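>>> no FASTA, just this:
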Ligand SMILES: O=S(=O)(Nc1cccc2nsnc12)c1cc(Cl)sc1Cl
């Protein structure tokens, strides 16, 4: 029957981005990767099988895939090749994804708003907003 993340499931295409270069700078991404990754128009493919959520992000730059159980820490290699420890939880209907590495932390929030999936990425004082629509 219906569950946790049903409204996230599907295939989503990036339609807008704001301040992603600044977010990537704050994270520590170098110039060439910022330029190529910032040009990308990834799709995001979200699926659920039991307790396991899978999020794939695919673009001309890279294809990434994470599978996880809410509240259970895992290893992630990010699109920019960081080796991070991640934990994803659901907080009042928002997927909250925290990445830890090198004594640093960033949080990515994914939420459904109208027909969009809105992604907010925060690294200290810098927020990037990325908006997806159904493919
Ligand atoms: O928007 S993303 O979800 N993923 C991607 C951004 C750009 C190019 C890509 N190719 S594959 N996945 C990609 C993203 C990557 C971070 Cl690093 S931070 C954060 Cl949000």
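Structure received. Numbering: from 1, shown residues only.

>>> Up against the ligand, what does the chain have?
Within the chain, the residues that sit near the ligand (CB under 6 Å from any ligand atom) are 37, 40, 42, 57-59, 61-64, 78-80, 108, 119, 121, 130. Backbone N, C-alpha and C define where each C-beta goes, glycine included.

>>> From start to finish, how long is stretch 37-46 in a straight line?
Length of stretch 37-46, first residue to last, CA to CA, to the nearest Å: 20 Å.

>>> Which parts of the protein are strands?
With DSSP state E as the criterion, the chain has strands at 10-18, 43-49, 52-58, 63-68, 74-77, 83-91, 94-101, 104-113, 116-123, 126-134.

>>> Adding distance to residue 27 and mean neighbour count, write the ones you listed out as JSON lines.
Rendered in JSON lines, the data for the strands of the chain read as follows (distance: least, CB to CB, whole Å; neighbours: other CB atoms under 10 Å):
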{"stretch": "strand 10-18", "distance to residue 27": "15", "mean neighbour count": "15"}
{"stretch": "strand 43-49", "distance to residue 27": "19", "mean neighbour count": "16"}
{"stretch": "strand 52-58", "distance to residue 27": "16", "mean neighbour count": "17"}
{"stretch": "strand 63-68", "distance to residue 27": "15", "mean neighbour count": "15"}
{"stretch": "strand 74-77", "distance to residue 27": "13", "mean neighbour count": "14"}
{"stretch": "strand 83-91", "distance to residue 27": "10", "mean neighbour count": "15"}
{"stretch": "strand 94-101", "distance to residue 27": "9", "mean neighbour count": "17"}
{"stretch": "strand 104-113", "distance to residue 27": "6", "mean neighbour count": "16"}
{"stretch": "strand 116-123", "distance to residue 27": "5", "mean neighbour count": "19"}
{"stretch": "strand 126-134", "distance to residue 27": "9", "mean neighbour count": "16"}
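
>>> Good, we can wrap up now.
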